[PDB]
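First comes the structure, then the notes that go with it.
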Amino acid sequence: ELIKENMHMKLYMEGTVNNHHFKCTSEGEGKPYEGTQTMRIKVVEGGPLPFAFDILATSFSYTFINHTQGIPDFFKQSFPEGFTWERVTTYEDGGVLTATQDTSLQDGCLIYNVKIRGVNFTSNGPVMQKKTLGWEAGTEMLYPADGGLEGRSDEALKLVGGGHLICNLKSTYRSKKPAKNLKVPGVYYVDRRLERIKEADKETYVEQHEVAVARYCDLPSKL
């Protein structure tokens, strides 16, 4: 099948946060069925970024989620055609970040194209002052909507001096494959841990890792 046990990916990202323009590229590999991946990322324009790289972390890969148990895999089923995701991330101190992404498969390699537009981040807040220290692990809930899926999660950004800043993520996932040929799951949940492994040169070069595992809720049901 098209998604092999090892997959490479290449990524192109461009956009703006609060009027600061930038571009990134990355190359990566992972194990789509084990739910693991690594990406090595380069800021190729507008670096050193004047804001926390952490706010871009979730915009760098749904093919690499271990969909356990029954779970029909909306993302892996989507190939050869691929899929798109779009998201608004709303931070509790005011920043808003929208991201739109295309995922395709070309010559056995996954190709990501991402555009980013972030606004209203407070100039003396932790994002613009780079007072952040990576993301807590997080759980996303996904559900059928409009012949695709939608996802929701609340994520917690660790802060210098302890404490967290929370943001809310509203995602929409659309398959490029005809409905006729796709089995869309019911409600399910993805648990993840996204971690920066290394950085160099004020986050001009970042290595990021994720482990992600989809599950149904395990708890017994009275109904």
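Each chain in the structure tokens gets a letter, A, B, ..., in the order shown, and its residues are numbered from 1; ligands are numbered from 1 in order too.
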
Using only C-alpha atoms, find each residue of segment 144-168 of chain A with at least one atom at most 8 Å away from an atom of segment 75-99 of chain A; report its shortest atom-to-atom pair and that distance in Å (one decimal), sort the rows by chain and rising residue number, and return the result as CSV.
residue,atom,partner,partner_atom,distance
A:165,CA,A:92,CA,7.0
A:166,CA,A:92,CA,5.8
A:167,CA,A:91,CA,4.1
A:168,CA,A:90,CA,5.2

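Once residue 32 of chain A and its same-chain neighbours fewer than 5 positions away are set aside, residues 3, 4, 5, 6, 7, 8, 37, 61, 62, 63, 64, 65, 66, 67, 76 and 212 of chain A remain within 10 Å of it when counting only C-alpha atoms.
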
- Message: Which of segment 4-210 of chain A end up as strand (DSSP E) when DSSP is run on this backbone - answer as a PyMOL selection string?
- Response: chain A and resi 7-17+20-31+36-45+66-67+83-91+96-106+109-119+132-135+138-145+148-159+164-175+188-200+205-210

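For the set A:176, A:202, A:193, A:20, the residue with the smallest atom-to-atom gap to residue 105 of chain A is A:176, counting only C-alpha atoms.
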
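For the choices A:119, A:211, A:43, A:49, the atom-to-atom distance to residue 196 of chain A is smallest for A:211 when using only C-alpha atoms.
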
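Every residue of segment 42-159 of chain A with a DSSP assignment of helix (DSSP H, G or I), taken from the backbone, is listed as residues 53, 54, 55, 56, 57, 58, 59, 62, 63, 64, 74, 75, 76 and 77 of chain A.
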
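When atom CA of residue 156 of chain A is paired with atom CA of residue 138 of chain A, their separation reads 7.8 Å.
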
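Across the model, the gap from atom CA of residue 73 of chain A to atom CA of residue 25 of chain A is 26.9 Å.
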
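Among the candidate residues A:123, A:10, A:136, A:47, the one lying nearest to residue 107 of chain A is A:10, with distances computed using only C-alpha atoms.
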